[PDB]
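1. sequence first, structure after, both from an experimental entry:
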Amino acid sequence: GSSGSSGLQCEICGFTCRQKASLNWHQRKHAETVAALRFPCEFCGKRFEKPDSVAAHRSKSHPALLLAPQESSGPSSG
Ligand SMILES: [Zn+2]
Ligand SMILES: [Zn+2]
């Protein structure tokens with residue numbers, strides 16, 4: 001077959017599709033879905049319909065930030 005790109009990857013949710021159309025058709029919905037999410041991610045900027053999901057996301061996508069950083073301390077707000 002043809003070697004090169006494997007498949008497209010969405011940034012909104014993180015889906016993957018082979019055909020370009022799919023992505024577009026899969027994004028058109030995001031434009032309306034964005035409304036649902038009310039609690040944004042102060043870590044990356046994402047958004048969720050609720051905080052419960054925003055807190056866990058940081059443990060799956062930002063699981064390397066929550067933990068103590070390198071020797072060099074930093075300003076933590078809590
Ligand atoms: Zn998506
Ligand atoms: Zn995030």
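-> Thanks, I have it. Residues are numbered from 1 along each chain as shown. Ligands and ions are numbered 1, 2, ... in the order given.
2. who in this protein is up against ligand 2?
-> 41, 43-44, 46 (CB under 5 Å from the ion). To be clear about C-beta, it is placed using only N, CA and C from the backbone, and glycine gets the same treatment.
3. how about JSON lines for these, with secondary structure added?
-> Below are the residues of the chain next to ligand 2 laid out as JSON lines (DSSP: H, G, I helix; E, B strand; the rest coil):
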{"residue": "41", "secondary structure": "coil"}
{"residue": "43", "secondary structure": "coil"}
{"residue": "44", "secondary structure": "coil"}
{"residue": "46", "secondary structure": "coil"}
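4. which residues touch residue 20?
-> Under the criterion of CB atoms under 8 Å, 6 or more residues apart in numbering, the contact list for residue 20 reads residue 8.
5. phi, psi of it?
-> Main-chain torsions, residue 20, degrees, to the nearest 10: phi -60, psi -50.
6. what's the distance between it and residue 13?
-> Distance of residue 20 to residue 13, given as CB to CB, to the nearest Å: 17 Å.
7. go on, residue 61?
-> Relative to residue 13, and taking CB to CB, residue 61 is found at 12 Å.
8. what about residue 36, how many neighbours?
-> Applying other CB atoms under 10 Å, we find 10 residues neighbouring residue 36.
9. quick one: what helix or strand has it in it?
-> Taking DSSP states H and E as the criterion, no element holds residue 36; it sits outside all helices and strands.
10. please name the nearest non-neighbouring residue to it.
-> The spatial neighbour of residue 36 that comes closest, neighbours along the chain excluded (CB to CB, 6 or more residues apart in numbering), is residue 49 at 4.6 Å.
11. tell me which residues touch residue 17, please.
-> 7-8, 10, 23, 26.
12. now, which of these lie within helices?
-> Mapping these onto helices (DSSP state H) picks out 23, 26.
13. residue 64 sits in which helix or strand?
-> Per DSSP H and E, residue 64 falls between elements, in no helix or strand.
14. right, I'll leave it there.
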